[PDB]
Structures are given as structure tokens and as C-alpha cells.
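Heads up: the structure comes next, in C-alpha cells.
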Amino acid sequence: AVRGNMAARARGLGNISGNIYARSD
Amino acid sequence: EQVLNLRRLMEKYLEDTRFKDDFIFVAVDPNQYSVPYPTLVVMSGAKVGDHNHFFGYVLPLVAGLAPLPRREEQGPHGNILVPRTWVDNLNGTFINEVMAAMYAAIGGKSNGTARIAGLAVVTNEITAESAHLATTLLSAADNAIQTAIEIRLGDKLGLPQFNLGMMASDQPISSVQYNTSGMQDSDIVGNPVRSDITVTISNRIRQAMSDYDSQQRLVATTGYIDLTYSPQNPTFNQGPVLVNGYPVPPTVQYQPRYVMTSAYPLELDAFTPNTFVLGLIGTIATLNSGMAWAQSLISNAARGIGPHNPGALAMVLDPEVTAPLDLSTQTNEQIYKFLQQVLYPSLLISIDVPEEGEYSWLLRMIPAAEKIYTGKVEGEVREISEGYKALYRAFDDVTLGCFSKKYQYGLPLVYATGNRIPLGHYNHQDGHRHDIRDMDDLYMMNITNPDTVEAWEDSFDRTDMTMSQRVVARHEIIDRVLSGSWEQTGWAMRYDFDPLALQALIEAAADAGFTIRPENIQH
Amino acid sequence: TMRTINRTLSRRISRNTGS
Amino acid sequence: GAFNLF
């Protein structure tokens, strides 16, 4: 067979919305 | 004699306050009940209408007893011996005996109703000089009982719950600390917990006229970073792997993973699932602020050769290399460039759920939401389970009803990995006790031979292996590595979240008027 | 609002007491 | 089993 976990790659969180951060001034 | 001392200390502490008659203590011992260990039960009641409702907290004491032996099981090839711990002896008979004792304590079935609100095992001896531990246990039991009462009867008793609307007139902040040398965090019993990354969420206050500055700390979270083997197959005539719509170098074969180990309040008196959701939101927001999670590996690389050296990946990168590389003389950007060639630019969010402990009652909701649909016959639309409903309701209530508009009802929220993780501690060479969870993939790469690494990864990844086989393999590897000088205390299970659900939750929190300003992020 | 959260969501036994 | 104990 083939070693490794294939489902773990698809569950990664890449980026989130930028509106959660407080705006300067 | 452990039950008597603990009960005496609790009663002595309570004798001076105004809550003398609010608690009932029940002692259960094997000489009259079918229980494996001596236990103490702390009970409290609440009255709605003309009915009484009682809730109890169970505290078995196992200090001074012999450890459990191994059990022989049935396998595909033959018979295997599986290790066991204290929690394995708490079956339905124990629950029935505890319920019978609780009912006998209050007077009978006609005097009210009784339910179990939590369970925690105490592995340390209790003497006549342990007032602090007794006070902490009493506080934890009271918090659990009050939270259960609120959850069950808030609508009838008019008891509110935390939500993001109470932080509208203030400025939340966050901070992160990377520490890996010295003592670690401790639990209520006093056992070490791995605390490689610590995140604190606070609130900023300024006086209107006097211009004074102060802050209020709410909750804290601890965890660490692990690695998972996940090679990419280009030879199957498939498209290239895209992360955030960007291709990756062909040499990347490892996926970073974040594991949460604990969460506790700092100045808040009550800890509810809503507070846990707030802490999770804060941790997610902080950890993604400019790739701040790689700072842990960058800092770990500054120590040089050691069990946590990230330079062991040089052997993966080049087969000719046979020794870990030393990166203590490289700049931060050089280390980042080196890491970019072997690691995926993404993070996996996971959590360890203990089978028993101080906050197991709170954290048991995550496993309950893994099963979405009950197989009951339906007229038109399939029925949805109760744990999923509870988790969805908590998520929607924290964000004031925006999660429902952002996320579709019925989509997955939690996945199960199927790995059972042991809990314990061992003696470190620096004179302190360290968490048994220090043994990970990097430790095997830096300390052991590639065969052990392959066996560890196969045990963590193979799908044609039962739970007992994986447990036996990991136990054998740990015993061989540590020469048998360690102690086990319990079990834990690992679950991970859905990234789409997390993104929807972040968007809903942003849409509710909640913002956070990290204060410690560098570069 | 956040200043008196312990009054709104109170518990009988508190871990911290102060001097 | 512990999660469904009580």
C-alpha cells in the first residue's frame, strides 16, 4: 500500500477574515 | 482514611461561611457498596415548583492502591495484552451503586431526583495538611453543579448565560508566550501539562477622567505543535496540490498540527461552554496573526541539538544526510526559508478530550456532536441528533444568531481520528516531572532510528489497525524508549474541527461587533 | 458591563480572595 | 464509554 494520511491535508485552515482585527485609530 | 480527612477538611472550611447547609457529603466504601475504590460525593439541590432536583460530584480516591494488571483480548492473529488504568474500572455497575447511595442519602425516591454532574480521579495522597487541594476540589464541584443547574433550568429559573454582547463597550486584547525550558503547567491534582504555547485573552479598561489604565484577564489556553506525515502523489495523473490557491514545492510532505491541551479561567468565577467558545475564538484569531505559529519552531531551533530540534527534517529533505542539522547560527528568515520547503503553509486544529478530569463534563460535548444523523425512520427529513444540536445552539448563541445565517444547518463540525492517547508523567533530567506527551514525531526523529519513526507513524496513521493494536504498539515503543520508568494516570481521545465551520464562526463573530487586537505579535 | 460580570454570573465558592 | 457513562 501507500503510507501517510491523506485526509489530514484537506482539513488544514489556511486563512481567516480580516474584519476580526481592530482597525488602527 | 482518605475519605475521612477530605470530608473533615471540607466541613472545616465550610463551617465559617454562610453555605453550611447548602452541601451534603456522601461516603461510599467497598465494605457496604459494590465499588472498586473509596469515593466521596458532594451533593447540592435546587427547587422548582414543588419538586426538588439534586446533583452530585464523584471523587474516587486511589492513592496507595496497586496498579491495574493487563487484560488479554482477542486479535486477528491471536491474543494480546492491553494496558489498563484507573478509569477502566468505572462501568455501569459503579454508576448504579453511586446513584443508589445518593438516593439513600436524600431520603428516598419521593424526596426528589438525583443526577451525576461530573467525575474526577485523585491520584495523590490526602493528609491533614491539604486544605488548599480540598478548597480547590470544592470550588470545582460547586462550579460544575451550578453550571449543570443553569443548563437544565435556566428558562424556568431566569438564569442568563455569557454571550458576545457583554463585550460591546470595551476593547478585547490577546497575548502569546513561547516557553519550552523549565517547569510546565499543572492541573488541579498537580500533574504536569505540556504548555509549549500559551494564549491569554484579556479586556482593556481606561478611566474616563483620571486616565488610569488597567486590564482584566479572562481565560487562558495551552497547547503545542505536532507533525503529520502526508506525502503528495503526482504520479496518479492528478492536479497539483493547491493551498490557498497556491502551488507548493514538490518536496513538501509534512502537515503541521496544533493540539489543545487545557483551558481554564483566570479571573472569571464561572466557566461555561460559551466561555470555552470565546477562548477557542481568541486562540484561533491569535494563532493566525501573521504566521505566529511557526515562531514556536523558530524559537525551538535556537537551542541547538536536542529532542525538539527542527533540524531533523534535513534527513527527510536529503536521503544522504544522516545526522540532524544545527540551526543555532542561522537568522530567522533563513530558518523560515528552510521550513518552507518541507511544511505545508496551513494549520490543523485538534483537541485532546480526557475521559475523566476537572473539565471532562464540559468537554464531553465535542464527542457527542460527531454523529450528525440518527438512523430513525423519517417522514421527509432525517432526524438530527442531540449533541450536534447542542453544539450548534452554543455556537449560534455565542454569536447572537449570526452563525445560523453563515453556516448551513446539518454540515459536519467535528471529525473523529480514532486514536487513544495515554496520560502520565516521567522524571526529567533537569529535576522536574514532565508530561508524557513530550514523546512525538520530532522526538523519535531526533532520538531514535528510522524504524521506530516508521512504526510510530504507522500506528498513528494506518486504518486497518484496531484501537487495541495501536495502543499496544505505542505502549511498547514508549516502554522501550523510557526503560519502563514512567507512570500512567488516564486516557484521552483526539478530535479535530472542520476548517469551514471555523471560518464561518470567525465571520459570524466579526459580524456581531467583536474585534480583537493582538499585542505580542512580532513581524 | 464586563466589570461586574462576577456579580451577574456568580458562584458560591471563589478561588481568589485577595488581601 | 466514559462519555456516555452519565
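Quick note on naming: the chains in the C-alpha cells go A, B, ... in the order shown, residues restart at 1 in each chain, and ligands are numbered from 1 in order of appearance.
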For segment 6-20 of chain A, find every residue with an atom within 7 Å (counting only C-alpha atoms), except residues of its own chain fewer than 4 positions away, and show them as a list in words.
residues 230, 244, 255, 346, 347, 348, 498, 499, 503, 507, 510, 514, 515 and 516 of chain B
Selection to disk with C-alpha atoms, as a compact mmCIF listing (two decimals), in the first residue's frame:
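And here's part-v3.txt as it stands now:
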# COMPACT_ATOMS: atom_id res chain seq x y z
CA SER B 230 1.17 13.27 4.35
CA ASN B 244 -4.91 28.90 -0.53
CA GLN B 255 1.39 18.84 7.63
CA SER B 346 -1.56 25.64 6.86
CA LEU B 347 -2.53 24.59 10.37
CA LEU B 348 -4.75 21.78 11.66
CA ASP B 498 -13.82 21.43 10.35
CA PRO B 499 -11.98 24.42 8.81
CA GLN B 503 -14.12 30.20 9.18
CA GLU B 507 -17.02 35.57 10.21
CA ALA B 510 -16.83 39.58 13.27
CA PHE B 514 -16.46 41.71 18.18
CA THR B 515 -12.85 42.68 17.43
CA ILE B 516 -9.53 41.67 18.96
Filtered DSSP result for segment 264-484 of chain B, state strand (DSSP E), as a PDB file with N, CA and C atoms, in the first residue's frame:
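To be explicit, this is the file written out as out31.pdb:
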ATOM      1  N   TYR B 264      -8.756  27.105  30.955  1.00  0.00           N
ATOM      2  CA  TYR B 264      -9.225  27.399  32.302  1.00  0.00           C
ATOM      3  C   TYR B 264      -9.421  28.902  32.429  1.00  0.00           C
ATOM      4  N   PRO B 265     -10.320  29.342  33.307  1.00  0.00           N
ATOM      5  CA  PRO B 265     -10.486  30.777  33.543  1.00  0.00           C
ATOM      6  C   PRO B 265      -9.379  31.335  34.425  1.00  0.00           C
ATOM      7  N   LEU B 348      -3.637  22.648  11.297  1.00  0.00           N
ATOM      8  CA  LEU B 348      -4.749  21.781  11.659  1.00  0.00           C
ATOM      9  C   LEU B 348      -5.061  21.968  13.138  1.00  0.00           C
ATOM     10  N   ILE B 349      -6.336  22.170  13.454  1.00  0.00           N
ATOM     11  CA  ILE B 349      -6.777  22.428  14.820  1.00  0.00           C
ATOM     12  C   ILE B 349      -7.314  21.131  15.407  1.00  0.00           C
ATOM     13  N   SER B 350      -6.715  20.690  16.511  1.00  0.00           N
ATOM     14  CA  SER B 350      -7.116  19.474  17.201  1.00  0.00           C
ATOM     15  C   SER B 350      -7.254  19.762  18.690  1.00  0.00           C
ATOM     16  N   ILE B 351      -7.826  18.799  19.412  1.00  0.00           N
ATOM     17  CA  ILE B 351      -8.041  18.936  20.847  1.00  0.00           C
ATOM     18  C   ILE B 351      -8.041  17.548  21.474  1.00  0.00           C
ATOM     19  N   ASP B 352      -7.512  17.463  22.692  1.00  0.00           N
ATOM     20  CA  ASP B 352      -7.493  16.227  23.463  1.00  0.00           C
ATOM     21  C   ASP B 352      -8.594  16.290  24.513  1.00  0.00           C
ATOM     22  N   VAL B 353      -9.476  15.297  24.508  1.00  0.00           N
ATOM     23  CA  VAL B 353     -10.606  15.234  25.426  1.00  0.00           C
ATOM     24  C   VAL B 353     -10.327  14.125  26.438  1.00  0.00           C
ATOM     25  N   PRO B 354     -10.052  14.452  27.699  1.00  0.00           N
ATOM     26  CA  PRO B 354      -9.823  13.403  28.697  1.00  0.00           C
ATOM     27  C   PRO B 354     -11.108  12.663  29.033  1.00  0.00           C
ATOM     28  N   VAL B 414     -17.269  18.266  13.594  1.00  0.00           N
ATOM     29  CA  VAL B 414     -16.169  17.601  14.285  1.00  0.00           C
ATOM     30  C   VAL B 414     -15.946  16.234  13.651  1.00  0.00           C
ATOM     31  N   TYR B 415     -14.678  15.880  13.445  1.00  0.00           N
ATOM     32  CA  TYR B 415     -14.296  14.576  12.927  1.00  0.00           C
ATOM     33  C   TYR B 415     -13.538  13.803  13.997  1.00  0.00           C
ATOM     34  N   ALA B 416     -13.654  12.479  13.948  1.00  0.00           N
ATOM     35  CA  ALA B 416     -13.008  11.598  14.911  1.00  0.00           C
ATOM     36  C   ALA B 416     -11.807  10.918  14.266  1.00  0.00           C
ATOM     37  N   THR B 417     -10.666  10.958  14.954  1.00  0.00           N
ATOM     38  CA  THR B 417      -9.451  10.333  14.449  1.00  0.00           C
ATOM     39  C   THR B 417      -9.322   8.873  14.862  1.00  0.00           C
ATOM     40  N   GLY B 418      -9.873   8.496  16.013  1.00  0.00           N
ATOM     41  CA  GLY B 418      -9.819   7.120  16.462  1.00  0.00           C
ATOM     42  C   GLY B 418      -8.573   6.731  17.220  1.00  0.00           C
ATOM     43  N   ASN B 419      -7.809   7.696  17.725  1.00  0.00           N
ATOM     44  CA  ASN B 419      -6.570   7.430  18.443  1.00  0.00           C
ATOM     45  C   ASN B 419      -6.775   7.677  19.931  1.00  0.00           C
ATOM     46  N   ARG B 420      -6.358   6.716  20.750  1.00  0.00           N
ATOM     47  CA  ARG B 420      -6.436   6.820  22.200  1.00  0.00           C
ATOM     48  C   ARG B 420      -5.050   7.159  22.737  1.00  0.00           C
ATOM     49  N   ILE B 421      -4.945   8.280  23.433  1.00  0.00           N
ATOM     50  CA  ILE B 421      -3.668   8.830  23.885  1.00  0.00           C
ATOM     51  C   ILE B 421      -3.552   8.606  25.387  1.00  0.00           C
ATOM     52  N   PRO B 422      -2.434   8.081  25.880  1.00  0.00           N
ATOM     53  CA  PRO B 422      -2.266   7.917  27.325  1.00  0.00           C
ATOM     54  C   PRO B 422      -1.812   9.202  27.999  1.00  0.00           C
ATOM     55  N   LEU B 423      -2.097   9.288  29.296  1.00  0.00           N
ATOM     56  CA  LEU B 423      -1.719  10.428  30.117  1.00  0.00           C
ATOM     57  C   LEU B 423      -0.843   9.957  31.269  1.00  0.00           C
ATOM     58  N   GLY B 424       0.172  10.750  31.597  1.00  0.00           N
ATOM     59  CA  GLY B 424       1.087  10.376  32.659  1.00  0.00           C
ATOM     60  C   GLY B 424       2.233  11.362  32.758  1.00  0.00           C
ATOM     61  N   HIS B 425       3.279  10.948  33.472  1.00  0.00           N
ATOM     62  CA  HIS B 425       4.438  11.799  33.690  1.00  0.00           C
ATOM     63  C   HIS B 425       5.670  10.931  33.899  1.00  0.00           C
ATOM     64  N   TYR B 426       6.836  11.564  33.787  1.00  0.00           N
ATOM     65  CA  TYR B 426       8.109  10.885  33.977  1.00  0.00           C
ATOM     66  C   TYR B 426       9.108  11.876  34.558  1.00  0.00           C
ATOM     67  N   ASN B 427      10.249  11.349  34.995  1.00  0.00           N
ATOM     68  CA  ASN B 427      11.285  12.156  35.629  1.00  0.00           C
ATOM     69  C   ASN B 427      12.243  12.681  34.568  1.00  0.00           C
ATOM     70  N   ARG B 433       9.276  16.946  36.942  1.00  0.00           N
ATOM     71  CA  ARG B 433       8.428  15.964  36.285  1.00  0.00           C
ATOM     72  C   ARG B 433       7.813  16.572  35.033  1.00  0.00           C
ATOM     73  N   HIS B 434       7.868  15.824  33.934  1.00  0.00           N
ATOM     74  CA  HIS B 434       7.416  16.305  32.638  1.00  0.00           C
ATOM     75  C   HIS B 434       6.266  15.447  32.130  1.00  0.00           C
ATOM     76  N   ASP B 435       5.417  16.059  31.309  1.00  0.00           N
ATOM     77  CA  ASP B 435       4.271  15.359  30.745  1.00  0.00           C
ATOM     78  C   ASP B 435       4.730  14.254  29.802  1.00  0.00           C
TER      79      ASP B 435
END
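Here atom CA of residue 52 of chain B stands at a distance of 21.8 Å from atom CA of residue 40 of chain B.
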Name all residues at most 8 Å from residue 2 of chain D (count only C-alpha atoms; drop same-chain ones fewer than 3 positions away) and give them as a PyMOL selection string.
(chain B and resi 355-356) or (chain D and resi 5-6)
Please produce a file of those selected residues containing N, CA and C atoms, as a tab-separated table (two decimals), in the first residue's frame.
chain	number	residue	atom	x	y	z
B	355	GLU	N	-10.95	11.38	29.38
B	355	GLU	CA	-12.10	10.57	29.77
B	355	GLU	C	-12.61	10.92	31.16
B	356	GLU	N	-11.78	11.52	32.00
B	356	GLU	CA	-12.19	11.99	33.32
B	356	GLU	C	-11.24	13.08	33.76
D	5	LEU	N	-21.22	7.59	29.99
D	5	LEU	CA	-21.42	6.97	31.30
D	5	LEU	C	-22.59	7.60	32.04
D	6	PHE	N	-22.68	8.93	32.03
D	6	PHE	CA	-23.75	9.62	32.73
D	6	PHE	C	-24.33	10.75	31.89
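Distances here use only C-alpha atoms; by that measure, the residue among B:428, B:296, B:134, B:49 closest to residue 15 of chain C is B:134.
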Check which residues of chain B sit at most 9 Å from chain D using only C-alpha atoms, and return one row each with the closest pair of atoms and their distance in Å to one decimal, ordered by chain and rising number, as a Markdown table.
| residue | atom | partner | partner_atom | distance |
| --- | --- | --- | --- | --- |
| B:87 | CA | D:2 | CA | 8.2 |
| B:88 | CA | D:2 | CA | 8.8 |
| B:90 | CA | D:2 | CA | 8.1 |
| B:91 | CA | D:5 | CA | 7.5 |
| B:92 | CA | D:5 | CA | 7.0 |
| B:95 | CA | D:5 | CA | 7.7 |
| B:115 | CA | D:6 | CA | 8.2 |
| B:116 | CA | D:6 | CA | 6.4 |
| B:117 | CA | D:6 | CA | 8.0 |
| B:118 | CA | D:6 | CA | 8.4 |
| B:355 | CA | D:2 | CA | 5.9 |
| B:356 | CA | D:2 | CA | 7.7 |
| B:360 | CA | D:3 | CA | 8.6 |
| B:361 | CA | D:3 | CA | 8.4 |
| B:364 | CA | D:3 | CA | 6.0 |
| B:365 | CA | D:3 | CA | 8.6 |
| B:367 | CA | D:3 | CA | 7.6 |
| B:368 | CA | D:3 | CA | 7.9 |
Next, dump the selected residues to file, keeping only N, CA and C atoms, as a PDB file, in the first residue's frame.
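Written output follows (again.pdb):
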ATOM      1  N   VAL B  87      -9.472   4.538  35.159  1.00  0.00           N
ATOM      2  CA  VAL B  87     -10.780   4.845  34.588  1.00  0.00           C
ATOM      3  C   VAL B  87     -11.457   3.614  33.995  1.00  0.00           C
ATOM      4  N   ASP B  88     -10.695   2.567  33.670  1.00  0.00           N
ATOM      5  CA  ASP B  88     -11.266   1.391  33.026  1.00  0.00           C
ATOM      6  C   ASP B  88     -12.187   0.590  33.939  1.00  0.00           C
ATOM      7  N   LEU B  90     -14.602   1.932  35.881  1.00  0.00           N
ATOM      8  CA  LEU B  90     -15.819   2.693  36.164  1.00  0.00           C
ATOM      9  C   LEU B  90     -16.866   2.352  35.106  1.00  0.00           C
ATOM     10  N   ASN B  91     -17.579   1.256  35.345  1.00  0.00           N
ATOM     11  CA  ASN B  91     -18.606   0.763  34.445  1.00  0.00           C
ATOM     12  C   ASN B  91     -19.991   1.143  34.969  1.00  0.00           C
ATOM     13  N   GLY B  92     -21.034   0.603  34.330  1.00  0.00           N
ATOM     14  CA  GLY B  92     -22.395   0.940  34.713  1.00  0.00           C
ATOM     15  C   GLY B  92     -22.757   0.522  36.124  1.00  0.00           C
ATOM     16  N   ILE B  95     -21.885   3.293  38.475  1.00  0.00           N
ATOM     17  CA  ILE B  95     -22.858   4.378  38.383  1.00  0.00           C
ATOM     18  C   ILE B  95     -24.135   4.017  39.129  1.00  0.00           C
ATOM     19  N   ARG B 115     -28.944  13.253  39.955  1.00  0.00           N
ATOM     20  CA  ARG B 115     -28.206  13.085  38.713  1.00  0.00           C
ATOM     21  C   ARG B 115     -26.726  13.317  38.980  1.00  0.00           C
ATOM     22  N   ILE B 116     -25.888  12.708  38.149  1.00  0.00           N
ATOM     23  CA  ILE B 116     -24.440  12.838  38.262  1.00  0.00           C
ATOM     24  C   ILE B 116     -23.986  14.008  37.401  1.00  0.00           C
ATOM     25  N   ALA B 117     -23.170  14.890  37.979  1.00  0.00           N
ATOM     26  CA  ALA B 117     -22.744  16.107  37.304  1.00  0.00           C
ATOM     27  C   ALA B 117     -21.273  16.116  36.910  1.00  0.00           C
ATOM     28  N   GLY B 118     -20.481  15.151  37.360  1.00  0.00           N
ATOM     29  CA  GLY B 118     -19.075  15.124  36.996  1.00  0.00           C
ATOM     30  C   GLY B 118     -18.358  13.999  37.706  1.00  0.00           C
ATOM     31  N   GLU B 355     -10.954  11.385  29.381  1.00  0.00           N
ATOM     32  CA  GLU B 355     -12.099  10.573  29.773  1.00  0.00           C
ATOM     33  C   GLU B 355     -12.614  10.924  31.161  1.00  0.00           C
ATOM     34  N   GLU B 356     -11.778  11.522  32.005  1.00  0.00           N
ATOM     35  CA  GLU B 356     -12.195  11.985  33.319  1.00  0.00           C
ATOM     36  C   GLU B 356     -11.240  13.081  33.765  1.00  0.00           C
ATOM     37  N   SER B 360     -13.894  17.429  32.274  1.00  0.00           N
ATOM     38  CA  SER B 360     -14.364  16.420  31.330  1.00  0.00           C
ATOM     39  C   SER B 360     -15.854  16.564  31.050  1.00  0.00           C
ATOM     40  N   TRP B 361     -16.635  16.967  32.055  1.00  0.00           N
ATOM     41  CA  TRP B 361     -18.066  17.170  31.853  1.00  0.00           C
ATOM     42  C   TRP B 361     -18.330  18.267  30.829  1.00  0.00           C
ATOM     43  N   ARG B 364     -17.019  16.975  27.180  1.00  0.00           N
ATOM     44  CA  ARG B 364     -17.637  15.793  26.592  1.00  0.00           C
ATOM     45  C   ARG B 364     -18.633  16.128  25.489  1.00  0.00           C
ATOM     46  N   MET B 365     -18.975  17.406  25.305  1.00  0.00           N
ATOM     47  CA  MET B 365     -19.939  17.769  24.273  1.00  0.00           C
ATOM     48  C   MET B 365     -19.364  17.605  22.870  1.00  0.00           C
ATOM     49  N   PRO B 367     -17.272  15.161  21.570  1.00  0.00           N
ATOM     50  CA  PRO B 367     -17.542  13.823  21.013  1.00  0.00           C
ATOM     51  C   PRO B 367     -19.009  13.576  20.708  1.00  0.00           C
ATOM     52  N   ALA B 368     -19.924  14.191  21.461  1.00  0.00           N
ATOM     53  CA  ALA B 368     -21.345  13.931  21.260  1.00  0.00           C
ATOM     54  C   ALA B 368     -21.849  14.492  19.936  1.00  0.00           C
TER      55      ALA B 368
END
Give as a ChimeraX atom specification every residue of chain C that touches chain B within 8 Å, counting only C-alpha atoms.
/C:1-2,5-6,9-15
Separation of atom CA of residue 377 of chain B from atom CA of residue 411 of chain B, in Å and rounded to one decimal
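According to the coordinates, atom CA of residue 377 of chain B and atom CA of residue 411 of chain B are separated by 20.0 Å.
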Helix (DSSP H, G or I) positions in chain C, given as an MDAnalysis selection string
chainID C and resid 5:8
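Atom to atom, atom CA of residue 7 of chain C and atom CA of residue 119 of chain B stand 27.7 Å apart.
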